[PDB]
Structures are given as C-alpha cells and as structure tokens.
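Data block below; observations after.
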Ligand SMILES: C=C(C)[C@]12C[C@@H](C)[C@@]34O[C@](Cc5ccccc5)(O[C@@H]1[C@@H]3C=C(COC(=O)Cc1ccc(O)c(OC)c1)C[C@]1(O)C(=O)C(C)=C[C@@H]41)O2
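Protein chains in written order, with the authors' numbering: chain A, 132 to 413, 427 to 459, 464 to 558, 586 to 726; chain B, 525 to 558, 586 to 655; chain C, 263 to 393; chain D, 656 to 726.
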C-alpha cells in the first residue's frame, strides 16, 4: 500500500534525480534497481506500478553478483527483460514489450554485447526442465520480435566476440538448443523464421531443405570452424553427428578423397627417399647430394606448414597430438641436415631418430578408413592416458630396488644403471636369477628379486583390469564420433589449401527461393538437400512444399 | 567359428601396424650400428625375437652410439606392449557388446 | 519411511509438550546422541534425513537446514554444524572415520553437507600436505 | 568414494597436528542468528553455506529466507 503515496510524495517534493530510477552503489551489487526486484519477486502488479511511474526499463545491472563466471552468481544479462525471460515469467515479458509507457526493446544489448537470445543460450545446461523452458522462450521471443519489429533480424546481432546465438551455442557446447536451432519449423503466421523446409513429399519419401546461413565453411568464422578449432568443451564430437552436419561433411569427404590419396602417396615417396638416403650414407656422391637436398627441402616444407597451422587457427595436448608429432619429426630432420652440412658428427642419431619417427607417423593416414581409424584412435587414448601413470609407479619401484641391490651386492650389479638393466630384463622374460654362492648375503638378494617379480606382476595386472573397467563401461558411439571429428578436422584442413597456394573455395548447396519475406523481395536462401524416408507420414498432416512435382 | 572370426577381422590390421613399426626400427638400427645388426633382415629378426621373449638387449660397449641404440630398443619394447594391449581390449569390446545367439 | 515419520512426530510432540527440554541432546551411556548413533551404527537413511531437515510454521527452530536467501534459481542454504564439525571432540566426522565398524563408511562421506565441508578443508590444507 | 574417505582421514590427521606440536583447532563456518527460540533469547547457530542452482523453484512454493538481498 505504501508505494503509490511515496512516489507521489517524491514527485511532489521536486527532486532532480528521481527515486524510482535508483541504482545501488556497492561494487558487489552495482546498478541494481527496484524493477529488477519486482521481476525477481514474480509480482506483475508491482511491475505495472513501477512502469507507470517511470522506471527505466533499460537499466544495466552491471554488478559483480550479475557477472558470468564468478562463484554462486546468476548471469541473466543485465537488462530487466532478459531477467524476465530467464526466470520463466511470460506475462511480464508480454507487458514489458507492449506497455504504452517506456517499451522495452529486443535489440537492446548488455555491456558484454549479449542480447536476450544470447542470455537464453548461456543459461541452458542440461535437463528436460531447463531445455523445454529455453526452447519455448526462444521461439516466443522470435515470434514477438517478428510481430513488433519486422525489418530487424534479431539473430543477426553479435556479441563483443563477434558471435551470433547459433555460434555462441556451438562454442559454449550447448547441444539441445543448438540441435533445436539447426532444424526449426514454424507455421502459417510467420514461416520465414524457419531454417527447415520441405521441397517435395511424394508418398513416404520426401526431400528436406536445410539452411546453411552460418553453417557452411565457405563463410569465415563458421559453425564448423568453431566446433573444430574454437570450442573447448568435451562435447565437441557429439555436435558433429547432428542432422544437417553429418551429410554435409560426408559430401565434402567424398569430394576430397583424391587429394587425400595424393598427399598420402607424396608422403610415402618422401619417406622411401629418406630411407634410402639414411641407409646408403656411410658418381654415387652426386645422387647422395641430391638426396640430402631433397630431404632438406621436405623438412623445410613440413616445418613451415606446421608452423603456419599453429599460427593460423590455434593459440590442447590430446587434440593437437598429430600436429605435434609432425612438428617434431620435421624439426629433427632440419636440425640433422644442418649438422650434416656443418659436419658436427652428431648428425647420425638425429637422422635415424627422425627416420623412425617419420615411419611411425604413417598412422596419420589410416583415418581414411573406419576399421583401422578407430584402432589408431584407441592407440592415442592408450598412450596419453593409461601408460604414463604406469611408468611413474614402475620407475619408482625400479630404482628403489636397483639402489638396494647395488648397495647390498658390495661382479654382479656393479652400478645403478647396470642393475636397472637386469631388473628391466626380468620384465621382458630374459632376466637371470640364481643363488650366487659368492656374495655373503645371498638369501636377502634372492628374496628381493622374488619380491620385485611379484610386485611388477601386480602392476601389469592392475593396468590390464583398469583398461577393461574403463572400456566395458563405455558408450559404443564415442569412438565412432571421435573418428568423425578427426575426419571433419581433416576435411576443413584440406579445403583451406596448401600453405604456399591458398585455394579459392566454393559454396556448398543450391540457391533457391524459399518463400516471401514480410517486406518486398522474396526470401532467397542457399540450402542443402537431405532425402528422408518415413512410413508413419500417412497419419500426420502433409506439410507445405515449395515445389509440386519431384525433380 | 571364433578362430575364423579372429583371423579374418582382428589379426590383419595388427600385422599392418606391427610391420610398419618393425621395419622402421630395423632400418634405423642397421644404419645407426655402422657384428650387431649386419643387415635389414638380420636386425628385423632380433627385433622380432623381443616379441617372443627371447631377445637380447645390452649396453654394447663397442659401438660409438650406445645410448641411442639402448633408447631405441626401450622405445620399441614399450610400443609393442601398447599394440598387443590394444588388440586384446579391441577383442573384448567386440565380444562384450554382442548377442549370444549369433555364434550359434 | 516409518522411522523418519515417527521420528519427526515425536520431535513435534515433545516440542509441544515440554518446550524447554531439547530431546536430541540427551546422550546414551556410550555417550552418543541419536545423530552420532546413526553415524556410528552405519544407518544411511535416517542420518541422511537428520542432516537435511526442514520444519514448518508452528515449530521452526527444530530444523537443521535453513535458506539464507533465494534470488531466482540460485539459493544459499545454511546447514547446522552442531555435532558435525571436527572442532569439537567426538564429532560425526571422527565417528565415521575411526569409531565406525560398518562397511558403509565410504558412502556416508559423500552426503550433501559433508562433501563440501571436507573439500573446503582439503583446499586449505594443500600446502602443508605438499610440505 | 573410497578415495574420498582416504582424503577425509588424511585431512583429519593433518588438522589434529603433529605429536611435538599439538595444534589449536578453529571453528569452521559462520556464526549467525537463525531465529527466535520458543523460550526467550534468539537462536544463534554456527552454519555452513552451500550454494545451489535449481530450475524447479518456480513451480514450487517459495521457502522462508533469513536475509533479503543476496550479499
Ligand atoms: C609426444 C609424445 C607423447 C611421444 C613423442 C615420441 C618420443 C614418441 O614417444 C612418446 C611416449 C613414449 C615413450 C616411450 C615409448 C613409447 C611411448 O609417445 C609419443 C611418441 C609415440 C610413437 C608411436 O607412434 C604413435 O604415436 C602413433 C601415431 C603417430 C602419429 C600420429 O599422427 C598419430 O595419430 C593417430 C598416431 C612415435 C614415436 O615418435 C616413435 O616412433 C619414437 C622414436 C618415439 C615415439 O612420446
């Protein structure tokens, strides 16, 4: 009851700065206002009453409680309409849009650049209860924006990074709203906000068109490039399998199979030349000088290509494993030929080390096939995860027992390294244990060898059952989707061209008139066709088609 | 039935990967060792003996580059243990997620 | 469900009949209140009930879980640490750790007021562990 | 959870102190007034703050709060 007479009193006194537009002053709670409180407390009547007296509906609540990544904070954006949208209050959003005094604007964006659609992207994590809220409020705000301001396209407005809500949902890793936005069908009042159409439906077969406005890799800063090279989430291999993306990447791979085979044969010919030059090193001196020159050129080529990769689209151990191994082999090759040109005589271990490393890098090209590509994915995952803690524990046990046997044996076990070598021979199955008959302390040496053998059998058995428990309690589609993500990164690399000659890339998909716009010229969109077959289509209603007869 | 399905499916890609690793390391040891490892075949035979459990490794004390030979042998042993471990868990991922009526 | 229903009913009835006496303070001859007994004997369901307990308008002081504020979906909930804290002698944490003999000890450490408190102790004691 | 129990035993042992220096232990959590008792003075309890995020809060009934603004 006290609100209306108090505002009448504050208007009667004649202040220069009003009471109803009041901002909190603290650093933790800066810029907060009574309108944010009224929207938080779910009271529509107090919102109407504060609006009619003249509350600022674009008040930017920029406090430290209202920022993104601080602990136990609520990031809704700054504006009141973004708060009303995030807090599931539909009638408050409706009144704030359609009031006669001081209308809230959908184009209005916060200090971080985010509009209300970006905020609805940011709040989503995972549930039915969060996801249904976010998709319903997203669709409702788009339809309300088409009603109130038809010329503005609300999904075009970017953040301060330069991202639209679709690119933001791709980067932050939100699967549910990204999957909703890519395939979105609207009805007869406003159908031009759709991204999915049906071109024709002759019986059970039909042809669905998908829009590729920001999805195609032809335009810079795509969705495909953001999933491949800019997203940091562990959701990245799941987002590649979705409905317009899988067929598009399969089409690009089927276009680019010949260049993959050509790059394979070029690398194989390089490694055979490098093998013959490292074998015949020790007339023929002319052919060996030509061979050394070709190896130096190949090393400079691979080194510059990998440096251009790391400069261009990076800034990350498991994701960039292949590029690291190619970089090490290239640097060791160039360094070894520099030392052979200067004759520093240490060129031969670097030469054979880069030779072995270059032959074992031939498993990069086994990702063209599924049957062996998933196998090399598993080799990466075994080397990076499960081998290193085993080596940690094993080297602790090994050098503890080595120093014990060196110091207890006062010709057997002369030094720490020569005792480590015999204790490592026990692991292979080549090591010798016996009753020495010359040492004074024979029984203790034999007891320590028996204990070492039992402990390392325990360690190997543990490693095996740890891998079995990790693999048997795992989803089958994960290895398949990691392989698909590797192919997607590979096809986006082959599309960009070689480093010495940048390629002129082409659009994908046909250009056709999808409909009429609200104003003037008809809607003209680049679309990608996916054929579909469904046998329950006789029950549901027939959708509107762009064409009549299948072509 | 299981013998045929093990031979045709699992063993051949393992042999592919293993022979790539094997002959890469064999040519490296032949060229690095300037009486040990006299030829490509005679060094491939020793690196294959390491898989049986019969293979001899030592600090050679006559070659100039002893430590690099020892380091390459240690790396070969770890990589082949990784490959056999992978083959085993790949068969277990095929066999755990299968219907029991199918072999019958 | 029987034990939690009758436990709450007895607390409300004793709060009505004899208000000054607190029933949950009276110890056994072993020295234990019912929360320490539920922690010691290994009973997960009633221990989990007592640690997060909310009562209503007639008898509100019998709760052990309070909400300090709720701004939208976020809230800060206040949990009482009367016998849970390791400052006092013969705690619930000491009884779960040492004096319990059940096979259910490791399941009782993961409960909602305990997980955050033990993480907040471990993040403070990291440097002495490295030392 | 077995590993969490191991860290719990470790943090109790480090909190108790060494044998040669019996360390003085400190209370955890803030002390604040929760409400009034049925007899006389208000209740002052030592409490531990746990933050939570819940999107089912709108359909349910709103609980009693001890403070007004999030501070
Ligand atoms: C960067 C890492 C992690 C790495 C660099 C080198 C030292 C490496 O040893 C490891 C660790 C290691 C050490 C000792 C024995 C085995 C493995 O594994 C690779 C790394 C592991 C091997 C095995 O080859 C692979 O990893 C398969 C592979 C290669 C290239 C790829 O692009 C690839 O992608 C699928 C997979 C290659 C080596 O370079 C090699 O052949 C020699 C001489 C040593 C290998 O270190």
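Positions of the beta carbon are idealized from the N, C-alpha and C atoms, including for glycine.
Any non-hydrogen atom of ligand 1 closer than 7 Å to residue i Cβ
i	result
residue 472/A	yes
residue 409/A	no
residue 602/B	no
residue 509/A	yes
residue 669/D	no
residue 629/B	yes
residue 504/A	yes
residue 468/A	no
residue 527/A	yes
residue 626/B	yes
residue 254/A	no
residue 512/A	yes
residue 531/A	yes
residue 501/A	yes
residue 325/A	no
residue 557/B	no
residue 524/A	yes
Reference residue i; option with closest CA among the options
i	options	result
residue 705/A	470/A, 618/A, 685/A	685/A
residue 352/A	299/A, 306/A, 537/A, 392/A	299/A
residue 374/A	400/A, 346/A, 388/A	346/A
residue 630/A	677/A, 672/A, 541/A, 586/A	541/A
residue 534/B	157/A, 637/A, 520/A	520/A
residue 488/A	238/A, 454/A, 451/A, 433/A	433/A
residue 652/A	653/B, 644/B, 652/B	644/B
residue 312/C	325/C, 337/C, 330/C	325/C
residue 165/A	189/A, 437/A, 447/A, 143/A	189/A
residue 271/A	623/A, 318/A, 503/A, 443/A	318/A
residue 550/A	587/A, 538/A, 598/A	598/A
residue 702/D	709/D, 695/D, 714/D, 721/D	721/D
residue 200/A	697/A, 431/A, 515/A, 303/A	303/A
residue 633/B	330/A, 532/A, 491/A	532/A
residue 279/C	376/C, 310/C, 321/C, 315/C	321/C
Cβ shell of residue i (< 8 Å), same chain only, five flanking positions each side left out
i	result
residue 505/A	473, 476, 477, 480
residue 262/A	255, 307, 308
residue 407/A	435
residue 642/B	530, 534
residue 219/A	264, 268
residue 402/A	506, 507, 510
With 16 other Cβ atoms within 10 Å as the buried cut-off, status of residue i
i	result
residue 601/B	buried
residue 217/A	buried
residue 369/A	buried
residue 526/B	exposed
residue 485/A	buried
residue 342/C	buried
residue 544/A	exposed
residue 725/A	exposed
residue 392/A	exposed
residue 636/A	exposed
residue 366/C	exposed
residue 332/C	buried
residue 437/A	exposed
residue 700/D	buried
Chain-ordered chain F contacts of residue i [CB-CB under 9 Å]
i	result
residue 684/D	Absent here is chain F; the protein component of the structure consists of chains A, B, C and D.
Close beta carbons around residue i, own chain, < 6 Å, minus the five adjacent residues each side
i	result
residue 293/A	none
residue 246/A	240, 288
Cutoff 7 Å; reference residue i; Cβ partners in own chain excluding five residues on either side
i	result
residue 666/A	380, 383, 384, 387
residue 231/A	none
residue 610/B	617, 621
residue 268/A	216, 251
residue 213/A	207, 247, 250
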